[PDB]
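Data from work_24.txt: compact mmCIF, C-alpha atoms and all ligand atoms
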# COMPACT_ATOMS: atom_id res chain seq x y z
CA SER A 60 -15.72 18.14 -0.98
CA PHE A 61 -12.44 16.40 -1.78
CA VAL A 62 -10.31 19.55 -1.34
CA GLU A 63 -10.50 19.02 2.43
CA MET A 64 -9.13 15.48 2.09
CA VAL A 65 -6.01 16.58 0.19
CA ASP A 66 -2.78 15.99 2.14
CA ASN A 67 -4.66 14.06 4.85
CA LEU A 68 -1.92 11.41 4.95
CA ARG A 69 1.45 11.55 6.69
CA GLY A 70 4.30 9.15 7.38
CA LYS A 71 7.97 8.34 7.83
CA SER A 72 9.85 6.66 4.97
CA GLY A 73 9.50 2.88 5.19
CA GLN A 74 7.04 3.03 8.07
CA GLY A 75 3.77 3.45 6.18
CA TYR A 76 1.24 6.23 5.63
CA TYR A 77 -1.36 7.09 8.26
CA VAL A 78 -4.52 9.16 8.42
CA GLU A 79 -5.88 10.86 11.50
CA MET A 80 -9.03 9.29 12.97
CA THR A 81 -11.10 9.61 16.12
CA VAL A 82 -12.63 6.69 17.97
CA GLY A 83 -15.24 6.79 20.73
CA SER A 84 -17.13 9.46 22.66
CA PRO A 85 -15.63 11.90 23.48
CA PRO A 86 -13.46 11.48 20.35
CA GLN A 87 -10.03 9.94 20.93
CA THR A 88 -7.49 11.07 18.36
CA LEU A 89 -5.26 8.42 16.80
CA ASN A 90 -3.06 8.10 13.73
CA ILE A 91 -4.05 5.02 11.73
CA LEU A 92 -2.01 3.23 9.04
CA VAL A 93 -3.90 3.13 5.72
CA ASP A 94 -3.55 -0.52 4.75
CA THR A 95 -5.03 -2.01 1.54
CA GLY A 96 -3.34 -5.33 2.39
CA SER A 97 -5.52 -6.28 5.38
CA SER A 98 -9.13 -6.01 6.50
CA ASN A 99 -9.20 -5.31 10.25
CA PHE A 100 -9.58 -1.96 11.94
CA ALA A 101 -7.07 -2.83 14.67
CA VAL A 102 -5.91 -0.21 17.16
CA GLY A 103 -3.49 -0.30 20.09
CA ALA A 104 -5.71 -0.38 23.18
CA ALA A 105 -3.20 -0.96 25.96
CA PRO A 106 0.18 0.45 26.98
CA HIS A 107 3.11 -0.53 24.74
CA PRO A 108 6.73 0.73 24.61
CA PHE A 109 6.27 2.13 21.06
CA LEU A 110 2.83 3.61 21.76
CA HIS A 111 2.58 7.12 23.20
CA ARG A 112 -1.21 6.97 23.10
CA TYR A 113 -3.81 4.23 22.66
CA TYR A 114 -7.55 3.56 22.51
CA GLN A 115 -9.14 3.53 25.95
CA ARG A 116 -12.49 1.80 25.67
CA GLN A 117 -13.40 2.67 29.27
CA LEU A 118 -13.28 6.39 28.32
CA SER A 119 -15.87 5.91 25.56
CA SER A 120 -19.55 6.23 26.38
CA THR A 121 -20.41 4.69 23.01
CA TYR A 122 -18.17 1.62 23.17
CA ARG A 123 -19.92 -1.76 22.91
CA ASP A 124 -18.21 -5.05 23.79
CA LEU A 125 -18.66 -7.93 21.32
CA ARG A 126 -17.47 -10.42 23.93
CA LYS A 127 -15.07 -12.12 21.52
CA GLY A 128 -11.29 -12.30 21.37
CA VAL A 129 -9.12 -12.31 18.26
CA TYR A 130 -5.67 -13.81 17.82
CA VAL A 131 -3.68 -13.00 14.70
CA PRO A 132 -0.27 -14.65 14.37
CA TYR A 133 1.42 -13.75 11.10
CA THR A 134 4.81 -14.37 9.53
CA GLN A 135 6.78 -11.39 10.85
CA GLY A 136 5.04 -11.08 14.22
CA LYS A 137 1.57 -11.11 15.77
CA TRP A 138 -1.25 -9.14 17.38
CA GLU A 139 -4.04 -10.13 19.74
CA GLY A 140 -7.07 -8.21 20.94
CA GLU A 141 -10.70 -7.96 21.95
CA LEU A 142 -13.58 -7.23 19.60
CA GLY A 143 -16.10 -4.43 19.99
CA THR A 144 -17.74 -1.57 18.13
CA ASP A 145 -17.62 2.20 18.56
CA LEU A 146 -18.22 5.47 16.71
CA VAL A 147 -15.44 6.35 14.28
CA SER A 148 -14.69 9.46 12.24
CA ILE A 149 -11.99 10.73 9.92
CA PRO A 150 -11.59 14.47 10.64
CA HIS A 151 -10.05 15.26 7.25
CA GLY A 152 -12.30 12.83 5.41
CA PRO A 153 -16.00 12.51 4.73
CA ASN A 154 -18.08 14.50 7.21
CA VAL A 155 -19.76 11.43 8.68
CA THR A 156 -19.54 9.19 11.71
CA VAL A 157 -20.03 5.43 11.57
CA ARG A 158 -20.28 2.56 14.02
CA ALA A 159 -17.46 0.22 13.10
CA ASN A 160 -15.85 -2.93 14.38
CA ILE A 161 -12.65 -2.30 16.31
CA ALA A 162 -10.04 -4.83 17.37
CA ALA A 163 -8.59 -3.44 20.59
CA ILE A 164 -5.03 -4.75 20.59
CA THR A 165 -3.99 -5.75 24.10
CA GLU A 166 -0.84 -7.72 23.22
CA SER A 167 1.49 -7.71 20.22
CA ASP A 168 4.95 -8.72 19.02
CA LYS A 169 6.86 -6.74 16.36
CA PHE A 170 3.60 -5.16 15.17
CA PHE A 171 3.97 -1.54 16.25
CA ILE A 172 7.00 0.38 15.01
CA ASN A 173 9.36 2.47 17.11
CA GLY A 174 8.82 6.11 16.13
CA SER A 175 6.30 5.55 13.30
CA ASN A 176 3.73 7.87 14.92
CA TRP A 177 0.71 5.62 14.29
CA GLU A 178 -1.29 3.69 16.86
CA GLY A 179 -3.40 1.32 14.74
CA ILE A 180 -4.27 0.03 11.27
CA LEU A 181 -7.20 0.63 8.95
CA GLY A 182 -7.55 -2.54 6.91
CA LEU A 183 -9.21 -1.41 3.68
CA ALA A 184 -9.30 -4.84 1.99
CA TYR A 185 -12.27 -7.22 1.90
CA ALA A 186 -14.13 -9.33 4.47
CA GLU A 187 -12.77 -12.62 3.10
CA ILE A 188 -9.42 -12.04 4.82
CA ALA A 189 -10.76 -10.38 8.00
CA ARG A 190 -9.92 -11.92 11.38
CA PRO A 191 -11.21 -14.02 13.01
CA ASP A 192 -13.38 -14.57 9.94
CA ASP A 193 -15.39 -12.90 7.18
CA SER A 194 -18.41 -12.16 9.38
CA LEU A 195 -16.46 -9.25 10.94
CA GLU A 196 -17.47 -6.41 8.64
CA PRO A 197 -14.48 -4.25 7.54
CA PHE A 198 -14.51 -0.50 8.21
CA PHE A 199 -15.10 0.56 4.59
CA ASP A 200 -18.05 -1.82 4.24
CA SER A 201 -19.64 -0.30 7.37
CA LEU A 202 -18.96 3.22 6.10
CA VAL A 203 -20.62 2.58 2.73
CA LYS A 204 -23.59 0.72 4.28
CA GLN A 205 -24.23 3.41 6.92
CA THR A 206 -23.67 6.56 4.88
CA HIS A 207 -24.19 7.74 1.31
CA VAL A 208 -20.44 7.62 0.62
CA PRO A 209 -19.81 6.03 -2.82
CA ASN A 210 -18.15 2.62 -2.72
CA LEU A 211 -14.71 3.83 -3.84
CA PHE A 212 -11.52 5.44 -2.50
CA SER A 213 -8.26 6.63 -4.05
CA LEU A 214 -4.71 6.98 -2.74
CA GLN A 215 -2.06 9.48 -3.79
CA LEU A 216 1.10 8.46 -1.97
CA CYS A 217 3.87 11.00 -2.59
CA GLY A 218 6.77 9.78 -0.50
CA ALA A 219 9.52 12.32 0.14
CA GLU A 227 19.44 12.20 11.02
CA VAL A 228 15.71 11.50 10.88
CA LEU A 229 13.71 9.26 8.54
CA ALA A 230 12.35 11.43 5.74
CA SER A 231 8.72 12.50 6.15
CA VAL A 232 6.22 11.52 3.47
CA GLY A 233 2.79 12.86 2.55
CA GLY A 234 -0.20 11.91 0.42
CA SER A 235 -4.00 11.96 0.11
CA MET A 236 -6.72 9.42 0.74
CA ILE A 237 -9.82 10.55 -1.11
CA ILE A 238 -12.83 8.63 0.17
CA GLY A 239 -15.88 8.29 -2.02
CA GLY A 240 -14.48 9.64 -5.27
CA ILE A 241 -11.71 10.80 -7.55
CA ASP A 242 -9.96 14.17 -7.29
CA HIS A 243 -8.92 15.15 -10.82
CA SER A 244 -6.34 17.65 -9.55
CA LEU A 245 -4.31 14.76 -8.09
CA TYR A 246 -3.36 13.26 -11.45
CA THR A 247 -2.60 14.05 -15.10
CA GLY A 248 -3.44 12.20 -18.30
CA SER A 249 -5.69 9.16 -18.42
CA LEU A 250 -6.77 6.70 -15.76
CA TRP A 251 -6.23 3.08 -16.82
CA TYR A 252 -8.09 0.26 -15.03
CA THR A 253 -7.08 -3.30 -14.21
CA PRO A 254 -9.71 -5.75 -12.92
CA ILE A 255 -9.79 -6.79 -9.29
CA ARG A 256 -9.46 -10.53 -9.87
CA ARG A 257 -11.06 -11.48 -6.54
CA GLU A 258 -12.40 -9.49 -3.60
CA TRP A 259 -10.15 -10.54 -0.74
CA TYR A 260 -6.87 -8.74 -1.09
CA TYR A 261 -6.92 -6.20 -3.89
CA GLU A 262 -5.72 -8.89 -6.29
CA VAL A 263 -4.67 -8.02 -9.83
CA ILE A 264 -2.94 -9.69 -12.77
CA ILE A 265 0.41 -8.65 -14.24
CA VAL A 266 0.86 -9.91 -17.80
CA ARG A 267 4.35 -8.65 -18.65
CA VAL A 268 7.43 -7.03 -17.05
CA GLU A 269 10.09 -4.89 -18.73
CA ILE A 270 13.40 -3.53 -17.45
CA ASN A 271 14.56 -0.64 -19.65
CA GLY A 272 12.22 -1.78 -22.41
CA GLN A 273 13.62 -5.31 -22.24
CA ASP A 274 11.04 -8.07 -21.69
CA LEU A 275 11.89 -10.52 -18.90
CA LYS A 276 10.20 -13.02 -21.23
CA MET A 277 8.71 -15.19 -18.50
CA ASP A 278 5.47 -17.15 -18.58
CA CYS A 279 3.12 -14.55 -17.10
CA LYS A 280 1.88 -17.04 -14.49
CA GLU A 281 5.26 -16.44 -12.78
CA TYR A 282 4.43 -12.77 -12.30
CA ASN A 283 1.33 -13.74 -10.28
CA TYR A 284 2.61 -16.80 -8.44
CA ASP A 285 0.76 -17.34 -6.30
CA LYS A 286 -0.95 -13.94 -6.48
CA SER A 287 -0.35 -10.25 -7.14
CA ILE A 288 -1.87 -7.60 -4.85
CA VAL A 289 -1.83 -3.82 -4.40
CA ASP A 290 -0.72 -3.08 -0.83
CA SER A 291 -0.23 0.36 0.71
CA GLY A 292 0.83 -1.56 3.84
CA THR A 293 4.00 -2.83 2.15
CA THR A 294 6.94 -0.54 1.51
CA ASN A 295 8.73 -2.45 -1.25
CA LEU A 296 7.97 -3.85 -4.66
CA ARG A 297 8.04 -7.54 -3.71
CA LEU A 298 8.48 -10.16 -6.42
CA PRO A 299 8.24 -13.97 -6.58
CA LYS A 300 11.71 -15.53 -6.27
CA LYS A 301 12.20 -16.34 -9.97
CA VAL A 302 10.96 -12.93 -11.10
CA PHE A 303 13.06 -11.19 -8.42
CA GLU A 304 16.26 -12.89 -9.57
CA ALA A 305 15.53 -12.13 -13.22
CA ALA A 306 14.74 -8.51 -12.36
CA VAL A 307 17.88 -8.02 -10.26
CA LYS A 308 20.05 -9.56 -12.98
CA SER A 309 18.71 -7.08 -15.50
CA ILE A 310 19.03 -4.10 -13.15
CA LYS A 311 22.60 -5.04 -12.22
CA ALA A 312 23.57 -5.18 -15.90
CA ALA A 313 22.02 -1.82 -16.75
CA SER A 314 23.88 -0.13 -13.89
CA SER A 315 27.14 -2.06 -14.30
CA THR A 316 29.18 1.14 -14.75
CA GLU A 317 28.99 1.64 -11.00
CA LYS A 318 29.45 -1.36 -8.71
CA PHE A 319 27.49 -2.21 -5.57
CA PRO A 320 27.70 -4.76 -2.72
CA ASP A 321 25.25 -7.65 -2.92
CA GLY A 322 24.07 -6.54 0.52
CA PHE A 323 22.56 -3.58 -1.32
CA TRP A 324 20.81 -5.77 -3.89
CA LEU A 325 19.47 -7.80 -0.96
CA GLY A 326 17.72 -4.67 0.29
CA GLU A 327 19.62 -4.62 3.57
CA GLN A 328 22.54 -2.34 2.85
CA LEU A 329 22.37 1.30 1.85
CA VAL A 330 24.53 3.08 -0.72
CA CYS A 331 25.39 6.77 -0.62
CA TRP A 332 26.39 9.57 -2.92
CA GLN A 333 26.70 13.09 -1.49
CA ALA A 334 23.93 15.64 -1.92
CA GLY A 335 22.77 15.75 -5.52
CA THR A 336 25.31 13.56 -7.29
CA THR A 337 23.09 10.46 -7.40
CA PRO A 338 23.46 8.88 -10.89
CA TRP A 339 19.76 8.15 -11.52
CA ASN A 340 20.43 7.77 -15.25
CA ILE A 341 22.52 4.66 -14.60
CA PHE A 342 19.48 2.82 -13.19
CA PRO A 343 16.79 1.52 -15.62
CA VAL A 344 13.01 2.10 -15.59
CA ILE A 345 10.69 -0.81 -14.70
CA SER A 346 7.37 -1.38 -16.45
CA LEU A 347 4.60 -3.58 -15.09
CA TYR A 348 1.93 -4.41 -17.66
CA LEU A 349 -1.43 -4.94 -15.96
CA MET A 350 -4.35 -6.84 -17.47
CA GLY A 351 -6.82 -4.43 -19.00
CA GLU A 352 -10.60 -4.28 -18.82
CA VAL A 353 -10.51 -5.84 -22.30
CA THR A 354 -9.42 -9.46 -22.66
CA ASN A 355 -6.28 -9.15 -24.83
CA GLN A 356 -5.55 -5.59 -23.80
CA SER A 357 -3.15 -4.34 -21.17
CA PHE A 358 -1.53 -1.11 -20.01
CA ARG A 359 1.81 -0.38 -18.36
CA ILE A 360 2.91 1.58 -15.34
CA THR A 361 6.54 2.64 -15.47
CA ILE A 362 8.54 3.60 -12.41
CA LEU A 363 11.93 5.31 -12.10
CA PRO A 364 14.91 4.57 -9.86
CA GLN A 365 13.64 7.50 -7.75
CA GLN A 366 10.81 5.22 -6.68
CA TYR A 367 12.63 1.93 -6.17
CA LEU A 368 15.64 3.41 -4.37
CA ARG A 369 14.16 4.87 -1.19
CA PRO A 370 16.01 7.54 0.89
CA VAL A 371 17.39 6.51 4.27
CA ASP A 380 22.49 10.91 -0.12
CA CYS A 381 21.80 7.34 1.07
CA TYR A 382 19.30 4.79 -0.29
CA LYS A 383 18.04 1.25 0.13
CA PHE A 384 17.12 -1.00 -2.77
CA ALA A 385 13.36 -1.27 -2.28
CA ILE A 386 12.82 -4.31 -4.50
CA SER A 387 12.88 -7.59 -2.62
CA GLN A 388 11.95 -11.26 -2.80
CA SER A 389 8.57 -12.70 -1.86
CA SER A 390 7.26 -16.23 -1.26
CA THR A 391 3.63 -15.09 -1.25
CA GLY A 392 3.40 -13.56 -4.72
CA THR A 393 3.89 -10.07 -6.12
CA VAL A 394 3.23 -7.16 -3.78
CA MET A 395 2.88 -3.73 -5.39
CA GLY A 396 3.70 -1.60 -2.35
CA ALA A 397 4.54 2.07 -1.78
CA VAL A 398 7.45 1.75 -4.25
CA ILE A 399 4.90 1.24 -7.02
CA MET A 400 2.06 3.38 -5.68
CA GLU A 401 4.21 6.51 -5.14
CA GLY A 402 4.52 6.98 -8.90
CA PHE A 403 0.77 7.16 -9.32
CA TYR A 404 -2.76 8.08 -8.33
CA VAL A 405 -4.45 4.78 -7.48
CA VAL A 406 -8.22 4.39 -7.57
CA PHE A 407 -9.72 1.51 -5.63
CA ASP A 408 -13.01 1.34 -7.49
CA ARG A 409 -14.74 -1.30 -5.38
CA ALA A 410 -18.11 -0.55 -6.96
CA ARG A 411 -16.83 -1.60 -10.40
CA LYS A 412 -14.30 -4.17 -9.18
CA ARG A 413 -11.25 -2.44 -10.66
CA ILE A 414 -8.14 -0.49 -9.73
CA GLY A 415 -7.29 2.59 -11.77
CA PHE A 416 -3.80 4.03 -12.27
CA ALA A 417 -2.80 7.50 -13.46
CA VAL A 418 0.35 9.61 -13.26
CA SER A 419 0.43 11.35 -9.90
CA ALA A 420 0.74 15.12 -9.70
CA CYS A 421 3.33 14.58 -6.95
CA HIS A 422 5.49 11.71 -8.25
CA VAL A 423 9.25 12.36 -7.93
CA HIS A 424 11.28 12.47 -11.15
CA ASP A 425 13.91 14.33 -13.23
CA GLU A 426 14.23 16.20 -16.53
CA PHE A 427 14.93 13.15 -18.71
CA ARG A 428 12.43 10.64 -17.31
CA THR A 429 9.02 10.55 -15.74
CA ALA A 430 6.77 7.86 -14.30
CA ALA A 431 4.11 6.85 -16.81
CA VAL A 432 0.79 5.11 -17.28
CA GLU A 433 0.29 4.12 -20.92
CA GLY A 434 -2.04 1.92 -22.97
CA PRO A 435 -3.34 0.00 -24.72
CA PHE A 436 -0.81 -2.75 -25.45
CA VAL A 437 -2.18 -5.94 -26.88
CA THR A 438 -1.19 -9.27 -25.32
CA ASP A 443 -4.04 -17.17 -18.68
CA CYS A 444 -1.71 -15.38 -16.28
CA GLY A 445 -3.85 -15.95 -13.20
CA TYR A 446 -2.16 -18.46 -10.93
CA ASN A 447 -3.82 -19.51 -7.68
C1 LIG B 1 2.03 -6.86 4.64
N1 LIG B 1 1.30 -6.23 5.73
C2 LIG B 1 1.55 -6.47 7.05
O1 LIG B 1 2.42 -7.21 7.47
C3 LIG B 1 0.57 -5.61 7.88
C4 LIG B 1 -0.41 -6.43 8.72
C5 LIG B 1 -1.71 -5.97 8.91
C6 LIG B 1 -2.58 -6.74 9.69
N2 LIG B 1 -2.22 -7.90 10.28
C7 LIG B 1 -0.95 -8.31 10.08
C8 LIG B 1 -0.01 -7.62 9.32
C9 LIG B 1 1.36 -4.62 8.73
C10 LIG B 1 1.27 -4.60 10.13
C11 LIG B 1 2.04 -3.68 10.85
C12 LIG B 1 2.89 -2.78 10.17
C13 LIG B 1 2.97 -2.82 8.78
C14 LIG B 1 3.82 -1.93 8.01
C15 LIG B 1 3.26 -1.16 6.99
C16 LIG B 1 4.08 -0.30 6.25
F1 LIG B 1 3.56 0.44 5.27
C17 LIG B 1 5.45 -0.22 6.51
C18 LIG B 1 6.01 -0.99 7.53
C19 LIG B 1 5.19 -1.85 8.27
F2 LIG B 1 5.75 -2.59 9.25
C20 LIG B 1 2.20 -3.73 8.07
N3 LIG B 1 -0.14 -4.87 6.79
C21 LIG B 1 0.27 -5.34 5.65
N4 LIG B 1 -0.24 -4.96 4.44
Please, can you express the file's structure as structure tokens?
Amino acid sequence: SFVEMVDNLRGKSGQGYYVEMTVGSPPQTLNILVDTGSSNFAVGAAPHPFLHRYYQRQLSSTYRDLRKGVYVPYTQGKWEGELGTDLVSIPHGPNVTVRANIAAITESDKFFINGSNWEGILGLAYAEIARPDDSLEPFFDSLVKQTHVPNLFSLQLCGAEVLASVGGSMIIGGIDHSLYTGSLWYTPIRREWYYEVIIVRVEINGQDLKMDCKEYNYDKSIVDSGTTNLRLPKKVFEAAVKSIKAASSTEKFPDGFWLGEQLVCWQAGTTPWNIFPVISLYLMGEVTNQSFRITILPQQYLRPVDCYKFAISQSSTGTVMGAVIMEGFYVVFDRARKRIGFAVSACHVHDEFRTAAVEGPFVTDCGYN
């Protein structure tokens, strides 16, 4: 039952959310980043300065070598490992054990994070973007094929001298109605690689950015629990920042802040949330000319570091709806029906004049790549 999966996620602000897993026999306990933006189950499997524990294949009686290496250079860094399979469970998840592919990371650069408290990544996206190629079955595919767990999972990410601690829930194989209020609205998964969606309109304090919607999805828009910020294509970013600056003009900030590098501080409970506007993303609906909107507050896009960082930033690889977006909502990754549902989260942070919202329908191609 889903009650035992509630609060099964933990994290530090800006360093992702992780779920506890065990790998091998006897079971080796590891904290694993829940990542909808990649498709490899990849776990530290050798000593590293930021790892205080790692996967030791030699200690597992059930480990099987696939006799194949994997090398994954990526923009910000890289990881490299060796492929194999082993038994995998999620203690506070479905009561099942599955044989899954595991990339045992032997070498990496700027991949692991100092103090994050996770030792690997659970890529929940689709085979198309798996490394080295799409023949390496992702964890969730193996889980569904090997067990009777329904082809669906949902994420409630709650957020918040030491980085603030965050919590949330990953409900595997269904939807926990206690985790949200109001209605669930669904946007189609445009293609099964990333969790790609289409944004058809963007509003800052009710004011339409009035861009050709192709810009919003140039060259794609994805939902990514493995990204902290709301990331926007350059032209949309600039337009968004312009509008946000204007709405909050009363107070004045350094452009280092708007560039998401500098933090700004008020002291304990004086933060002027009301001076910052709400942001609405309209997502394509299940019905052609129909859309719905998710609206987030400054409490979501200014993330605590008294002090905050502007968690909206520029992207050259399309829109990324990261934690900043997801923390307002209960997000259903309905793989079986090729759609992503959004509803107001029971845990989303807000005040007594505003609240995050999911609302539809609104009547309204925008697909780019
Ligand atoms: C964009 N993106 C990545 O770059 C990657 C990844 C996955 C697999 N292969 C290459 C890159 C990743 C790797 C490591 C850490 C983090 C990370 C996650 C957080 F939530 C916060 C801070 C972090 F640094 C993210 N996952 C995703 N979605």
What is the atom CA of residue A:248 to atom CA of residue A:153 distance in Å? 26.2 Å
Could you list, as a list in words, every residue within 10 Å of residue A:113, counting all atoms listed in the file and ignoring same-chain residues fewer than 4 positions away?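 Within the cut-off, the hits are residues 87, 88, 89, 90, 102, 103, 104, 105, 106, 107, 163, 164, 177, 178 and 179 of chain A.
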Test item: residues no farther than 7 Å from ligand LIG 1 (chain B), counting all atoms listed in the file, as number ranges by chain: A: 73-76, 94-97, 99, 131, 133, 135, 137, 170-172, 180, 290-294
Within 7 Å of stretch 414-437 of chain A, which residues of stretch 232-330 of chain A show up? Give each one with its shortest atom-to-atom distance in Å (one decimal) and the two atoms involved, counting all atoms listed in the file, rows by chain then rising residue number, as a tab-separated table.
residue	atom	partner	partner_atom	distance
A:245	CA	A:420	CA	5.3
A:246	CA	A:419	CA	4.5
A:247	CA	A:418	CA	5.6
A:248	CA	A:417	CA	6.8
A:249	CA	A:417	CA	6.0
A:250	CA	A:417	CA	4.7
A:251	CA	A:415	CA	5.2
A:252	CA	A:415	CA	4.1
A:253	CA	A:414	CA	5.4
A:254	CA	A:414	CA	6.3
A:255	CA	A:414	CA	6.5
Find the residue from A:395, A:329, A:228, A:296 that sits nearest to residue A:260; use only C-alpha atoms when measuring. A:395
Scan for residues within 12 Å of the point (-12.5, -13.8, -9.3) in the coordinates of the file, using all atoms listed in the file, and reply as a ChimeraX atom specification. /A:254-264,286,412-413,445-447
Rank nothing, just name the residue among A:64, A:101, A:208, A:313 nearest to residue A:162, using all atoms listed in the file.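 Of A:64, A:101, A:208, A:313, the one nearest residue A:162, counting all atoms listed in the file, is A:101.
Atom CA of residue A:123 lies 9.9 Å from atom CA of residue A:158.
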